[PDB]
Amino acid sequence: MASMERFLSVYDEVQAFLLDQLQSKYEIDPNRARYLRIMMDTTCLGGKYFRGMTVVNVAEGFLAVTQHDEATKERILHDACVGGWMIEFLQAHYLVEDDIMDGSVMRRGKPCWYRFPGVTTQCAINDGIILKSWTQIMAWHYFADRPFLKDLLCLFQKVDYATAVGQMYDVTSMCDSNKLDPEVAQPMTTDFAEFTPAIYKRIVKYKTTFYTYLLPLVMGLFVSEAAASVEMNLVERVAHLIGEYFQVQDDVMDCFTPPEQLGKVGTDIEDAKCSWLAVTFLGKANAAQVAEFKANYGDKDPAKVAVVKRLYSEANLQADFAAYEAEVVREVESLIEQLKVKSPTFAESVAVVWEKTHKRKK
């Protein structure tokens, strides 16, 4: 709570930097400054700050065991905060744009940015472009003479790219691969042959895990100058594991958590998404269940949607989930043990990240 207020005081400094630079260098007028301040506030705040706060917890962990001057402590914490906000702004970018592509209605308990009456798709698209440019403006401003600058940019960009590739895997997950063709309007799949665990796994590996887990963790290492002190293949394997589970939870909540609690309203059934629920159901259903799933999936019709939920409850998926969670707890503990060998501190940081995720309710 106190630490989160400190993370937010760094948001305020960053907002101030960005907005004063708009006035001093980009000829902005007060009203457009205001619009951009409100956009930044609306798209970047109100979340859990899980990605940002991870950078900071990684850095705090190394600080407890590493000798530094006070001044250097303070710089390290401040950089971890800036780094954290780069990742939040990056997420803010993805969500503004994602909400347009998913035809979404609510986000963090409010309308999606593009649905604000004075915004619309026309302004929102470019607003999301601005959120991303801001990540880079921050990096070059606050990290210009840090040793980790080049490594951080290069990583940030590879993570952004994988994420965008992931979003392509996601937005085309309901069409048949052999039919993808810019020239031909795309029909929803009728056989659901590509609703498989491996295909699902590729969607999720790219669209969520790099930017939600790999980036904040390695970012925490960069600003700590601690990345040579870990086994990177382990960091990857653990980001990919927890990241996958994180997205599985997102999928279950889309169907089962009231929006009242969730803060977004779920579109996966209507959007015909290759979600965990749809893949898992099709891996256990009998012939008649499959036939009725195929009869109602991917239509915006309330009673079709309700038939899918019923088939999901009947297949007892909220116990396939428990079985999957159980295999994940196993594998995460095992990876944490393997990380303990070169860095107890980073292993603990990961234990904390796993814990925050496992207990997640939104």
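Residue numbers here begin at 1 and follow the sequence given.
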340-348 set against 5-13, stretch whose average Cα temperature factor tops the other in the entry:
340-348
Once average C-alpha B-factors are taken from the entry for 305-313 and 56-64, the winner is 305-313
Using the entry's values, work out which of 152, 123, 285, 214 has the largest Cα B factor.
285
Can you tell me which of 147, 258, 83, 182 has the highest Cα temperature factor in the record?
258
Sorting by Cα B-factor within the chain, modelled residues only, which third would residue 296 end up in: lowest, middle or highest?
highest
Temperature factor at the Cα of residue 263, chain-ranked in thirds, falls in the highest
Going by what the PDB entry lists, where does residue 236 fall on CA B-factor within its chain: lowest, middle or highest third?
middle
Chain thirds of CA B-factor: placement of residue 170:
lowest
Would the CA B-factor of residue 191 place it in the lowest, middle or highest third of its chain?
middle
